[PDB]
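As structure tokens, one chain now follows by itself in the form deposited in one PDB entry.
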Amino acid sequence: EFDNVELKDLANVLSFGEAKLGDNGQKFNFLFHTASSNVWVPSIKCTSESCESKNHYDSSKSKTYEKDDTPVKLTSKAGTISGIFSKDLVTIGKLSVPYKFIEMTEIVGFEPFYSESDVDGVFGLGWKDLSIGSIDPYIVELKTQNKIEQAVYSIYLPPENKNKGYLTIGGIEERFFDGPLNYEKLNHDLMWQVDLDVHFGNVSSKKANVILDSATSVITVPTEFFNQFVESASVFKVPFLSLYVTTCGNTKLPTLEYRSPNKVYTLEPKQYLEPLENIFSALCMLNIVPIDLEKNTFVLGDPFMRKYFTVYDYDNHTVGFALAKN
């Protein structure tokens, strides 16, 4: 069949899994991130309080380590992180190829996400042009090395939450989905991003840049677009910190439509609302958030990926969509 990796759930984002580095197979907990293109791991030299309880990579204990040592210093407001490049075996299931990754020397910030969960680093699965160092993506490298037949991968997330998810490499596994598998052309080879027309209420946006992101637990929508949606949709702002809140059985809330020239992709209130209560419960949390990334940009996260099984095809520069089984 095809190679798997169980996706474990953490802060309501379902895309953490295990991969292994080195000839001695050091394990690491990773965020598999379709919206970035490098793999990051804590080095043994990392003297940051944050690295202290994570897994480290020791180049001196793997026979297949190749020195690189190009420095890197990624810095946002959120935190700073710096280290060096190394080449070694990177392994998922039966799949192994020398890959260049970043040994993290110093990491500050990204709290509390980082130190509190048990993720060690992130494993990007985006496009070459989005990487530091301009490095062919792992799956693409797997293909070049005649280890898999197609540079393709899929993410399955269970319609019924509680369960585990799967990242599959090198083929489409028929068991995960129902009906036909629709493809859409990428508008850029950066992130996995596609042109769609998006209608919410009577509020709509044509030729929107919509991005598939596993690291997101939520549905993203431009600020202007979100305000129109909520205004006269009987959704209520309240909080200490955002939300927002509505009735679970609210027959006012619309279906979310993402239309391509072939197929329309829909999200029912049932799939973008979250139960707040255990005693009750008529009361629900709206999984749609106002976020401005880039002129006209929507993010599809877990809520969407939990309905739709998604196929990421490096060979054809397309994204596949199907209704998820189980």
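Superpose the two forms; the largest set of C-alphas matching within 1.5 Å is the rigid core. In case it trips you up, residue 1 is the first one in the sequence shown, and so on.
The next section is about a form of this same protein that is not shown, the form deposited in another entry.
K.L.:
Once you align the rigid core, which of 234, 144, 76, 134 turns out to move its Cα at least 2 Å between this form and the one not shown?
P.N.:
Per the superposition, the moving residue is 234.
K.L.:
Superposing on the rigid core, do we see a C-alpha displacement of 2 Å or more at residue 243 between this form and the one not shown?
P.N.:
Residue 243 C-alpha, core-superposed: shift of 2 Å or more.
K.L.:
So that I can tell if residue 49 moves, could you say whether its C-alpha shifts by at least 2 Å between this form and the one not shown after the core superposition?
P.N.:
Stays below the 2 Å threshold, so no.
K.L.:
Core superposed first: is there a CA shift of 2 Å or greater at residue 60 between this form and the one not shown?
P.N.:
The answer is no; the displacement is under 2 Å.
K.L.:
Between the shown chain and the other structure, the Cα gap of residue 14 to residue 241 differs by 3 Å or more. Is it closer or farther in that other deposited form?
P.N.:
So the answer is farther.
K.L.:
Taking the shown form as reference, are the C-alpha positions of residue 205 and residue 238 brought closer or pushed farther apart in that other deposited form, with a change of 3 Å or more?
P.N.:
So the answer is closer.
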